[PDB]
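Below: the structure, in structure tokens.
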Number of protein chains: 4
Amino acid sequence: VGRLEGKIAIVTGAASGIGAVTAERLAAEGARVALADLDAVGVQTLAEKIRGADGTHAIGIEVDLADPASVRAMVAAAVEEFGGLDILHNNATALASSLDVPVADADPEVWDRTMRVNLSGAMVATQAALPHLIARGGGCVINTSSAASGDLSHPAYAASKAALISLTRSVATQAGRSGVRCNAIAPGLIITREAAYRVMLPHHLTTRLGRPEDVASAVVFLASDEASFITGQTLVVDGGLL
Amino acid sequence: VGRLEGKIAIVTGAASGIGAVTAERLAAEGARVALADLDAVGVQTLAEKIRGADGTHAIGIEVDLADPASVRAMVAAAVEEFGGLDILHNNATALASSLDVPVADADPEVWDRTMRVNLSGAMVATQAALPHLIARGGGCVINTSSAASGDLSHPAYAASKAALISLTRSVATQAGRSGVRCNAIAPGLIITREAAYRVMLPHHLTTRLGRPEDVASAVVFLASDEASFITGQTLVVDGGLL
Amino acid sequence: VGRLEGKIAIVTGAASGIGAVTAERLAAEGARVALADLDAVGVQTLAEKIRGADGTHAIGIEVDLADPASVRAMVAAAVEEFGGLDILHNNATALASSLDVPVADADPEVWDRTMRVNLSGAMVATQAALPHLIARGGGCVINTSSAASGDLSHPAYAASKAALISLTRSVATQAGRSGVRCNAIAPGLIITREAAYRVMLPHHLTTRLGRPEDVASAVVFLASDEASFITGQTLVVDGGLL
Amino acid sequence: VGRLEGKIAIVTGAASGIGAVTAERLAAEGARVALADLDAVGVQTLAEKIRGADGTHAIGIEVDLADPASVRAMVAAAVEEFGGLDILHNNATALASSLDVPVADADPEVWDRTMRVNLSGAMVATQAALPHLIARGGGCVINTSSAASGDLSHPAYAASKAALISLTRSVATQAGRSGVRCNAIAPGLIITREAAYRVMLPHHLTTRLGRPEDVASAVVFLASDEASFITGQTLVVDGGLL
């Protein structure tokens with residue numbers, strides 16, 4: 001009945017927002033889920049809520065995406081727990097984005113830090129996960145950039161998003177023969193109070209603004225067997241914002 | 001329980017191949033379906049199979065996608081049968097394909113005929129369907145190009161596919177304010193016996209070739225409520241063949 | 001001294017606008033030029049201006065891009081006049097544009113007519129020109145879409161422009177082995193009095209609006225020997241209007 | 001007579017290959033040129049050869065693209081020398097690329113270092129140059145990724161190339177109102193002994209492989225006034241390699 005029944009998945013950035021909603025959605029579709037995030041407590045709590053009092057199908061793992069050794073330890077603990085791996089969901093912070101100013105005032109350190117976490121983190125996680133995906137007989141990696149007058153600011157986020165798309169194509173090309181798919185999702189304006197943002201409505205093509213469930217549904221689709229002929233692709237989930 | 005419960009869909013080119021498998025899939029997902037194609041008997045026969053001896057949730061209609069008047073009659077008889085419209089699936093032949101030779105030998109009449117059917121047909125169908133979609137409270141149009149040596153031949157087919165993608169964006173932009181989404185699916189090599197095409201497997205990223213069910217699954221996802229924040233997009237379903 | 005010394009070029013749509021300015025520019029860069037358009041007198045008059053009273057390096061030919069036979073006669077009379085061919089510039093109206101309404105009201109006959117002229121015309125011209133380009137030792141075809149509210153209207157024009165880009169790639173792929181390059185130019189808002197359009201200036205990135213000379217300069221670059229490693233490409237000349 | 005007469009340009013990575021050929025080409029087109037590179041001696045020597053015994057129109061400056069303060073000092077020394085700035089050409093190493101292995105064996109440190117130099121370097125240079133371009137009444141920045149079965153390896157170079165394209169669009173968007181254009185060039189296989197590579201010929205669409213002069217000619221075009229209506233664009237110079 002679950003669209004991901006019997007699957008094992010890792011979800012990074014799982015303590016809040018898109019990651020948290022996705023992590024609950026994969027589990028509700030029958031996936032066993034390792035939730036991973038900087039915030040140890042936030043991810044243990046969510047894991048506990050997903051498990052309920054009877055369940056064993058979720059675990060919370062502490063990870064620092066900027067630390068390759070921490071990223072490798074996380075993938076090993078998840079494989080250890082559930083005995084394998086089918087899905088890796090790499091997830092990309094208000095002040096963080098507040099620091100990502102236009103090029104004229106941009107701080108090179110914020111760029112360096114942004115690439116380290118958003119690109120180098122996903123790359124290392126992917127590299128750690130690949131042999132486990134391959135031994136499973138195949139599986140998939142799904143890269144989600146963070147939620148997006150977008151070219152007018154946050155250029156480091158824009159640059160890392162484009163880099164992540166290139167990583168996605170690199171991995172799909174390199175791992176395809178071994179049965180691994182790799183796809184990206186590029187969310188537009190995702191509201192994690194929808195009423196305060198309604199000025200943005202005429203700039204969308206849809207009649208509503210984005211929800212984290214929109215990204216989660218896309219992750220369920222791309223992770224499922226019925227999408228197994230899709231790889232190297234970027235699914236834009238943005239209500240037409242462009 | 002079905003992922004498309006209570007919905008009403010039109011599928012053109014539904015007598016065989018991808019259109020046929022998709023039409024069966026939408027009905028299996030709980031949609032009421034109007035099947036349209038040039039081949040009248042073939043479409044009633046399939047409508048009859050989907051329906052069963054005592055069912056009513058599918059109808060077969062004869063349509064000529066080249067003739068605007070025939071396309072408009074088909075949309076009206078679909079709505080007249082089921083009382084509304086939620087989904088329009090425009091689906092774009094071996095002989096016809098053999099006539100689509102490289103540019104050096106290309107016949108302008110083949111190009112003309114190709115645009116009339118693959119492009120104008122989809123535009124007119126879309127035009128006819130739009131007010132019914134809008135009155136329903138919104139809905140979606142899904143344009144499926146025909147399945148793909150790539151650019152080395154079938155240039156009229158490739159031209160019309162790019163044109164179809166432009167139509168998809170034109171419609172998503174123009175109709176989005178009224179609640180209509182419009183997306184495209186670009187299938188790669190789809191096999192509607194896999195053995196004869198094994199030589200193509202190293203050209204793919206994935207370890208298998210495509211099936212009409214791959215396109216049908218993408219149509220179910222894009223036609224469903226949990227994909228309602230996606231519009232103006234092209235989903236390539238090609239196993240990486242590029 | 002000219003950047004196109006000793007070269008022979010065909011320019012279609014050369015009676016007015018972009019075609020006219022481009023034809024003058026190629027001749028000023030030292031090319032011999034066959035000017036082609038529906039408007040016979042307008043094209044001889046301009047050929048006569050370029051030529052001067054005692055010159056021979058330009059000729060005006062009457063062509064109907066909708067009729068394959070007329071297009072083939074034009075290519076042959078161009079080659080017959082100058083003894084060879086190096087460059088074919090396919091150039092794609094206010095009334096015609098006013099007929100290209102949004103999809104809701106679109107007329108299929110306008111779409112048909114648009115593909116016949118903008119697409120099939122360019123394909124047939126290209127087809128006719130190819131063996132002359134190949135025999136010359138190589139050369140190039142440059143396809144120029146018509147100048148751009150964007151997707152909100154003129155959908156037949158946008159469809160045919162995407163189709164033209166696909167044709168450009170089809171031809172670059174198929175003819176590259178024989179030494180022929182094929183590229184496209186996509187002009188944005190081109191003014192062929194800038195004052196009436198000042199409202200458009202905030203929509204642009206650049207501080208001025210476009211001029212036919214902007215498209216002509218891109219054609220000189222793409223037609224020249226120092227651009228011979230560029231093929232299959234679309235150069236957008238739109239001041240950032242997107 | 002020069003196509004860049006009276007212009008002041010900076011060229012980074014100017015000690016060898018594409019940078020060196022471009023730097024000589026801009027000067028031959030009448031530009032005053034500050035050549036900048038890690039290799040102090042290689043850039044002084046080339047500057048000296050461009051100057052001849054009579055000239056003053058070139059200078060060699062030592063720079064470390066990974067060091068923001070060094071990048072800022074370089075832009076100031078160039079402005080100091082020539083009294084202004086019109087063009088910034090940011091240029092992206094055999095062992096360097098030898099270290100950029102497929103994802104499965106990728107070193108996160110090489111990724112970090114690659115982004116620091118290729119992306120953070122161009123960003124800082126651009127940021128340093130912008131007020132000087134703007135005070136000049138406008139000008140342009142041209143970003144060139146390094147020369148490219150390309151997705152099969154060098155993924156960090158691929159990722160930084162995509163990021164650089166995003167930087168290009170960010171800058172074009174942010175600086176456009178102030179009269180600055182920003183464009184990217186994406187070279188394919190550029191041979192800096194053409195005979196040892198001829199196995200690659202059937203994978204190209206052209207009849208020859210790339211030369212550094214192909215990139216230089218593209219830089220001359222994009223830097224010139226007759227390209228002033230082009231911004232935010234990526235010119236692919238790859239003979240069809242794709």
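Please note that chains go A, B, ... in the order of the structure tokens, that every chain numbers its residues from 1, and that ligands are numbered from 1 in the order shown.
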>> With only C-alpha atoms as the counted atoms, please give the residues lying no more than 7 Å from residue 211 in chain D, apart from itself and same-chain residues fewer than 4 positions off, as an MDAnalysis selection string.
In response: chainID D and resid 190:192
Kindly export the residues of the current selection with N, CA, C and O atoms, as a compact mmCIF listing (two decimals), in the first residue's frame.
```
# COMPACT_ATOMS: atom_id res chain seq x y z
N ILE D 190 39.98 22.39 -26.23
CA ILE D 190 40.92 23.33 -26.82
C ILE D 190 42.36 22.80 -26.78
O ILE D 190 42.91 22.55 -25.72
N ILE D 191 42.95 22.61 -27.95
CA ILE D 191 44.33 22.13 -28.04
C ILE D 191 45.31 23.28 -27.94
O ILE D 191 45.37 24.12 -28.84
N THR D 192 46.09 23.32 -26.87
CA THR D 192 47.03 24.42 -26.68
C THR D 192 48.41 24.10 -27.26
O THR D 192 49.33 23.75 -26.53
```
Residues of chain B that have any atom at most 10 Å from an atom of chain C: could you tabulate them with the shortest-distance atom pair and the distance in Å to one decimal, using only C-alpha atoms, ordered by chain and increasing number, as a tab-separated table?
```
residue	atom	partner	partner_atom	distance
B:66	CA	C:108	CA	9.8
B:67	CA	C:108	CA	9.4
B:68	CA	C:108	CA	7.3
B:102	CA	C:174	CA	7.4
B:103	CA	C:127	CA	6.2
B:104	CA	C:127	CA	5.3
B:105	CA	C:127	CA	7.6
B:106	CA	C:127	CA	7.9
B:107	CA	C:124	CA	8.5
B:108	CA	C:120	CA	6.1
B:109	CA	C:120	CA	8.8
B:110	CA	C:120	CA	9.8
B:111	CA	C:120	CA	6.8
B:112	CA	C:116	CA	6.5
B:113	CA	C:112	CA	9.4
B:115	CA	C:115	CA	7.3
B:116	CA	C:112	CA	6.5
B:119	CA	C:111	CA	8.8
B:120	CA	C:108	CA	6.1
B:121	CA	C:108	CA	8.5
B:123	CA	C:103	CA	7.1
B:124	CA	C:108	CA	7.1
B:126	CA	C:103	CA	8.2
B:127	CA	C:104	CA	5.3
B:128	CA	C:104	CA	8.2
B:129	CA	C:104	CA	9.7
B:130	CA	C:104	CA	7.6
B:131	CA	C:104	CA	8.7
B:150	CA	C:170	CA	9.0
B:151	CA	C:170	CA	5.2
B:152	CA	C:174	CA	5.7
B:153	CA	C:170	CA	7.5
B:154	CA	C:170	CA	8.7
B:155	CA	C:170	CA	6.0
B:156	CA	C:167	CA	8.0
B:157	CA	C:166	CA	9.7
B:158	CA	C:166	CA	6.4
B:159	CA	C:163	CA	4.4
B:160	CA	C:163	CA	6.3
B:161	CA	C:163	CA	7.8
B:162	CA	C:163	CA	5.5
B:163	CA	C:159	CA	4.4
B:164	CA	C:159	CA	7.1
B:165	CA	C:159	CA	8.0
B:166	CA	C:159	CA	5.2
B:167	CA	C:159	CA	6.2
B:168	CA	C:159	CA	9.5
B:169	CA	C:151	CA	7.2
B:170	CA	C:151	CA	5.2
B:171	CA	C:103	CA	6.9
B:172	CA	C:151	CA	9.2
B:173	CA	C:152	CA	6.3
B:174	CA	C:152	CA	5.7
B:175	CA	C:104	CA	8.8
```
> Which residues, written as a ChimeraX atom specification, have at least one atom at most 7 Å from range 21-33 of chain C, with only C-alpha atoms counted and residues fewer than 3 positions away on the same chain left out?
Replying inline: /C:2-11,14,17-18,50,57-59,212-213,216,220
Write out as a PDB file with C-alpha atoms, in the first residue's frame each polymer residue whose atoms come within 8 Å of residue 145 in chain B, counting only C-alpha atoms; drop sequence neighbours fewer than 5 positions from it.
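Output saved as part.pdb:
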```pdb
ATOM      1  CA  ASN B  91      -0.318  12.280 -26.926  1.00  0.00           C
ATOM      2  CA  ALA B  92       1.507  12.679 -30.246  1.00  0.00           C
ATOM      3  CA  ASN B 118       1.568  17.062 -33.332  1.00  0.00           C
ATOM      4  CA  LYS B 161       8.679  18.287 -29.900  1.00  0.00           C
ATOM      5  CA  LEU B 164       5.240  21.334 -28.082  1.00  0.00           C
ATOM      6  CA  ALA B 184       5.252  18.144 -20.811  1.00  0.00           C
ATOM      7  CA  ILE B 185       6.788  14.665 -20.769  1.00  0.00           C
ATOM      8  CA  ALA B 186       9.617  13.857 -23.173  1.00  0.00           C
ATOM      9  CA  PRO B 187       9.992  10.072 -23.516  1.00  0.00           C
TER      10      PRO B 187
END
```
Got a sec: who's within 10 Å of residue 133 in chain B, counting only C-alpha atoms, leaving out chain neighbours fewer than 5 positions off, as an mmCIF file with N, CA and C atoms, in the first residue's frame?
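The new file around-v4.cif reads:
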```
data_model
loop_
_atom_site.group_PDB
_atom_site.id
_atom_site.type_symbol
_atom_site.label_atom_id
_atom_site.label_comp_id
_atom_site.auth_asym_id
_atom_site.auth_seq_id
_atom_site.Cartn_x
_atom_site.Cartn_y
_atom_site.Cartn_z
ATOM 1 N N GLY B 84 -17.820 16.887 -16.920
ATOM 2 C CA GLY B 84 -16.755 17.797 -16.536
ATOM 3 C C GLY B 84 -15.439 17.340 -17.140
ATOM 4 N N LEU B 85 -14.340 17.953 -16.697
ATOM 5 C CA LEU B 85 -12.997 17.637 -17.181
ATOM 6 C C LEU B 85 -11.917 18.068 -16.173
ATOM 7 N N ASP B 86 -10.985 17.174 -15.841
ATOM 8 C CA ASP B 86 -9.906 17.481 -14.891
ATOM 9 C C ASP B 86 -8.537 17.432 -15.563
ATOM 10 N N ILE B 87 -8.399 16.543 -16.537
ATOM 11 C CA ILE B 87 -7.102 16.238 -17.121
ATOM 12 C C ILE B 87 -7.221 16.143 -18.619
ATOM 13 N N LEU B 88 -6.367 16.840 -19.355
ATOM 14 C CA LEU B 88 -6.240 16.553 -20.782
ATOM 15 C C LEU B 88 -4.832 16.042 -21.036
ATOM 16 N N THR B 126 -6.226 21.673 -26.456
ATOM 17 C CA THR B 126 -5.998 22.439 -25.246
ATOM 18 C C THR B 126 -6.960 23.620 -25.201
ATOM 19 N N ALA B 128 -9.822 23.880 -26.605
ATOM 20 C CA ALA B 128 -11.189 23.429 -26.397
ATOM 21 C C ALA B 128 -11.406 23.050 -24.950
ATOM 22 N N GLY B 138 -9.978 24.357 -11.866
ATOM 23 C CA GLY B 138 -8.588 24.134 -12.205
ATOM 24 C C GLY B 138 -8.408 22.713 -12.706
ATOM 25 N N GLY B 139 -7.207 22.384 -13.167
ATOM 26 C CA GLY B 139 -6.918 21.055 -13.680
ATOM 27 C C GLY B 139 -5.581 21.077 -14.391
ATOM 28 N N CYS B 140 -5.364 20.156 -15.316
ATOM 29 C CA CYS B 140 -4.069 20.161 -15.970
ATOM 30 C C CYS B 140 -4.043 19.567 -17.365
ATOM 31 N N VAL B 141 -3.152 20.125 -18.168
ATOM 32 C CA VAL B 141 -2.865 19.613 -19.489
ATOM 33 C C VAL B 141 -1.466 19.000 -19.477
ATOM 34 N N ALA B 175 -2.690 30.371 -18.568
ATOM 35 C CA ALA B 175 -3.841 29.766 -17.909
ATOM 36 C C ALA B 175 -3.627 29.532 -16.411
ATOM 37 N N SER B 178 -5.851 31.089 -13.841
ATOM 38 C CA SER B 178 -7.180 30.494 -13.723
ATOM 39 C C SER B 178 -7.142 29.092 -13.152
ATOM 40 N N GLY B 179 -5.987 28.672 -12.651
ATOM 41 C CA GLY B 179 -5.895 27.395 -11.964
ATOM 42 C C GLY B 179 -5.467 26.194 -12.798
ATOM 43 N N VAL B 180 -5.088 26.420 -14.050
ATOM 44 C CA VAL B 180 -4.682 25.328 -14.922
ATOM 45 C C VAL B 180 -3.172 25.162 -14.943
ATOM 46 N N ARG B 181 -2.695 23.947 -14.692
ATOM 47 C CA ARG B 181 -1.289 23.607 -14.859
ATOM 48 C C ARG B 181 -1.031 22.968 -16.221
#
```
>> Please extract the residues of range 99-192 of chain C with a backbone DSSP assignment of strand (DSSP E or B) and present them as an MDAnalysis selection string.
In response: chainID C and resid 139:144 180:187 190
For the helix (DSSP H, G or I) assignment from backbone DSSP, which residues of range 110-238 of chain A qualify? Please present them as a short mmCIF file (atom, residue, chain, number, x, y, z; two decimals) with N, CA and C atoms, in the first residue's frame.
```cif
data_model
loop_
_atom_site.label_atom_id
_atom_site.label_comp_id
_atom_site.auth_asym_id
_atom_site.auth_seq_id
_atom_site.Cartn_x
_atom_site.Cartn_y
_atom_site.Cartn_z
N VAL A 110 31.61 33.43 2.99
CA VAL A 110 30.27 32.87 3.00
C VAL A 110 30.09 31.99 1.77
N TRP A 111 30.72 32.38 0.67
CA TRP A 111 30.69 31.55 -0.52
C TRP A 111 31.39 30.23 -0.25
N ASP A 112 32.61 30.30 0.27
CA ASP A 112 33.39 29.10 0.59
C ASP A 112 32.58 28.18 1.51
N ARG A 113 32.00 28.75 2.57
CA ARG A 113 31.23 27.96 3.51
C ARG A 113 30.00 27.35 2.86
N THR A 114 29.31 28.13 2.04
CA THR A 114 28.15 27.63 1.32
C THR A 114 28.48 26.43 0.40
N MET A 115 29.59 26.50 -0.34
CA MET A 115 29.95 25.41 -1.24
C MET A 115 30.33 24.17 -0.43
N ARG A 116 31.06 24.38 0.67
CA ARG A 116 31.48 23.30 1.56
C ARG A 116 30.31 22.48 2.07
N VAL A 117 29.29 23.16 2.55
CA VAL A 117 28.14 22.49 3.13
C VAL A 117 27.15 21.97 2.08
N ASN A 118 26.81 22.78 1.08
CA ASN A 118 25.73 22.41 0.17
C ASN A 118 26.19 21.50 -0.96
N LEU A 119 27.44 21.65 -1.36
CA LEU A 119 27.93 20.89 -2.50
C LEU A 119 28.86 19.76 -2.05
N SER A 120 29.88 20.11 -1.27
CA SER A 120 30.85 19.13 -0.77
C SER A 120 30.18 18.13 0.17
N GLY A 121 29.21 18.59 0.95
CA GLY A 121 28.44 17.70 1.81
C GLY A 121 27.63 16.67 1.02
N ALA A 122 26.90 17.12 0.01
CA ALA A 122 26.12 16.19 -0.81
C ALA A 122 27.04 15.22 -1.58
N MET A 123 28.16 15.74 -2.08
CA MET A 123 29.11 14.89 -2.80
C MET A 123 29.64 13.76 -1.90
N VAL A 124 30.05 14.09 -0.68
CA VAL A 124 30.63 13.11 0.23
C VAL A 124 29.59 12.06 0.66
N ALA A 125 28.39 12.54 0.99
CA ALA A 125 27.27 11.67 1.33
C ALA A 125 26.99 10.72 0.19
N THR A 126 26.99 11.25 -1.03
CA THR A 126 26.72 10.43 -2.20
C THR A 126 27.83 9.39 -2.35
N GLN A 127 29.07 9.84 -2.23
CA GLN A 127 30.19 8.94 -2.38
C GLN A 127 30.15 7.82 -1.33
N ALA A 128 29.76 8.15 -0.11
CA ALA A 128 29.68 7.18 0.97
C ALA A 128 28.56 6.19 0.72
N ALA A 129 27.45 6.67 0.16
CA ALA A 129 26.27 5.85 -0.08
C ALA A 129 26.36 4.94 -1.32
N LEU A 130 27.08 5.38 -2.35
CA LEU A 130 27.12 4.65 -3.63
C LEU A 130 27.37 3.12 -3.54
N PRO A 131 28.42 2.68 -2.80
CA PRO A 131 28.60 1.22 -2.79
C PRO A 131 27.44 0.44 -2.15
N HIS A 132 26.76 1.05 -1.19
CA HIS A 132 25.61 0.44 -0.55
C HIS A 132 24.39 0.39 -1.49
N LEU A 133 24.17 1.47 -2.25
CA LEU A 133 23.14 1.48 -3.28
C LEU A 133 23.39 0.41 -4.32
N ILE A 134 24.64 0.30 -4.75
CA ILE A 134 25.02 -0.66 -5.80
C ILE A 134 24.85 -2.10 -5.30
N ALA A 135 25.30 -2.40 -4.09
CA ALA A 135 25.14 -3.73 -3.51
C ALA A 135 23.66 -4.12 -3.33
N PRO A 155 23.31 35.22 -4.33
CA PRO A 155 24.05 34.61 -5.45
C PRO A 155 24.83 33.35 -5.08
N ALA A 156 25.29 33.23 -3.84
CA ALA A 156 26.05 32.03 -3.44
C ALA A 156 25.14 30.80 -3.37
N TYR A 157 23.93 31.00 -2.88
CA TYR A 157 22.93 29.94 -2.93
C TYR A 157 22.60 29.58 -4.40
N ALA A 158 22.49 30.57 -5.27
CA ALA A 158 22.20 30.29 -6.68
C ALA A 158 23.34 29.46 -7.28
N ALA A 159 24.57 29.84 -6.95
CA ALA A 159 25.74 29.19 -7.53
C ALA A 159 25.86 27.74 -7.06
N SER A 160 25.59 27.51 -5.78
CA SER A 160 25.68 26.16 -5.24
C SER A 160 24.55 25.29 -5.76
N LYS A 161 23.38 25.89 -5.99
CA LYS A 161 22.26 25.17 -6.59
C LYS A 161 22.62 24.66 -7.99
N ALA A 162 23.22 25.52 -8.81
CA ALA A 162 23.66 25.12 -10.14
C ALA A 162 24.75 24.03 -10.06
N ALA A 163 25.69 24.19 -9.13
CA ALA A 163 26.72 23.18 -8.91
C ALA A 163 26.11 21.83 -8.53
N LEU A 164 25.11 21.86 -7.66
CA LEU A 164 24.42 20.65 -7.23
C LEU A 164 23.74 19.92 -8.40
N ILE A 165 23.22 20.69 -9.35
CA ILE A 165 22.62 20.13 -10.54
C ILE A 165 23.71 19.43 -11.36
N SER A 166 24.88 20.06 -11.45
CA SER A 166 25.99 19.43 -12.16
C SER A 166 26.44 18.14 -11.45
N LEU A 167 26.49 18.14 -10.11
CA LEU A 167 26.82 16.93 -9.33
C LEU A 167 25.85 15.79 -9.64
N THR A 168 24.57 16.13 -9.63
CA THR A 168 23.49 15.24 -10.02
C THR A 168 23.72 14.58 -11.38
N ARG A 169 24.09 15.37 -12.39
CA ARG A 169 24.39 14.82 -13.72
C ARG A 169 25.68 13.98 -13.73
N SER A 170 26.70 14.42 -13.00
CA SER A 170 27.93 13.64 -12.86
C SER A 170 27.64 12.26 -12.28
N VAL A 171 26.91 12.23 -11.18
CA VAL A 171 26.59 10.97 -10.51
C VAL A 171 25.70 10.06 -11.37
N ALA A 172 24.67 10.63 -12.01
CA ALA A 172 23.81 9.85 -12.89
C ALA A 172 24.64 9.22 -14.00
N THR A 173 25.55 10.00 -14.58
CA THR A 173 26.42 9.48 -15.63
C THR A 173 27.36 8.40 -15.11
N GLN A 174 27.95 8.63 -13.95
CA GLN A 174 29.01 7.74 -13.47
C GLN A 174 28.44 6.48 -12.82
N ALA A 175 27.26 6.58 -12.23
CA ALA A 175 26.73 5.45 -11.47
C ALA A 175 25.63 4.70 -12.22
N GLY A 176 25.16 5.26 -13.33
CA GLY A 176 24.09 4.66 -14.10
C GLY A 176 24.31 3.20 -14.48
N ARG A 177 25.51 2.85 -14.93
CA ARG A 177 25.77 1.46 -15.33
C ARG A 177 25.58 0.51 -14.15
N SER A 178 25.74 1.02 -12.94
CA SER A 178 25.63 0.18 -11.75
C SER A 178 24.23 0.22 -11.17
N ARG A 198 1.47 36.68 0.49
CA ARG A 198 0.55 36.69 -0.64
C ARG A 198 0.83 37.79 -1.69
N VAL A 199 1.74 38.71 -1.37
CA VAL A 199 2.23 39.66 -2.36
C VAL A 199 2.92 38.92 -3.53
N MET A 200 3.46 37.75 -3.24
CA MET A 200 4.15 36.95 -4.25
C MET A 200 3.21 36.20 -5.21
N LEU A 201 1.92 36.15 -4.87
CA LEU A 201 0.94 35.40 -5.67
C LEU A 201 0.88 35.75 -7.17
N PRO A 202 0.85 37.06 -7.53
CA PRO A 202 0.80 37.34 -8.98
C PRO A 202 2.08 36.98 -9.73
N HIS A 203 3.17 36.73 -9.01
CA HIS A 203 4.43 36.35 -9.64
C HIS A 203 4.53 34.83 -9.82
N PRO A 212 5.91 22.47 1.95
CA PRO A 212 6.96 21.45 2.02
C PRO A 212 6.45 20.10 1.50
N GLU A 213 5.14 19.88 1.57
CA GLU A 213 4.55 18.65 1.07
C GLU A 213 4.67 18.52 -0.43
N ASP A 214 4.78 19.64 -1.13
CA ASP A 214 5.02 19.62 -2.57
C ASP A 214 6.39 19.04 -2.89
N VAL A 215 7.38 19.37 -2.07
CA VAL A 215 8.70 18.81 -2.30
C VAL A 215 8.72 17.34 -1.90
N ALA A 216 8.16 17.02 -0.75
CA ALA A 216 8.05 15.64 -0.30
C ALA A 216 7.37 14.72 -1.33
N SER A 217 6.28 15.16 -1.95
CA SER A 217 5.58 14.34 -2.94
C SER A 217 6.46 14.08 -4.16
N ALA A 218 7.23 15.09 -4.54
CA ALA A 218 8.18 14.94 -5.61
C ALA A 218 9.28 13.92 -5.24
N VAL A 219 9.75 13.96 -4.00
CA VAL A 219 10.75 13.00 -3.52
C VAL A 219 10.18 11.56 -3.50
N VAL A 220 8.94 11.38 -3.04
CA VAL A 220 8.29 10.07 -3.09
C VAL A 220 8.25 9.54 -4.53
N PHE A 221 7.80 10.38 -5.46
CA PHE A 221 7.76 9.98 -6.87
C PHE A 221 9.13 9.57 -7.42
N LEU A 222 10.12 10.44 -7.25
CA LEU A 222 11.44 10.17 -7.82
C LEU A 222 12.12 8.98 -7.13
N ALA A 223 11.75 8.69 -5.89
CA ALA A 223 12.36 7.58 -5.17
C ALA A 223 11.70 6.25 -5.49
N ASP A 225 9.78 3.01 -7.43
CA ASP A 225 10.17 2.15 -8.54
C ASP A 225 9.56 2.59 -9.86
N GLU A 226 8.40 3.25 -9.81
CA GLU A 226 7.73 3.57 -11.05
C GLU A 226 8.40 4.77 -11.73
N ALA A 227 9.37 5.40 -11.06
CA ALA A 227 10.24 6.42 -11.68
C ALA A 227 11.64 5.88 -12.02
#
```
>> Can you measure CA of residue 228 in chain A to CA of residue 239 in chain B for me? One decimal in Å is fine.
In response: 7.9 Å
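Taking CA of residue 71 in chain C and CA of residue 40 in chain C as endpoints, the distance between them is 13.8 Å.
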> Can you list, as a PyMOL selection string, every protein, DNA or RNA residue that comes within 7 Å of residue 61 in chain B when you count only C-alpha atoms, leaving out same-chain residues fewer than 5 positions away?
Replying inline: chain B and resi 34-37+40+43+74
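Between CA of residue 95 in chain D and CA of residue 19 in chain D the separation is 18.5 Å.
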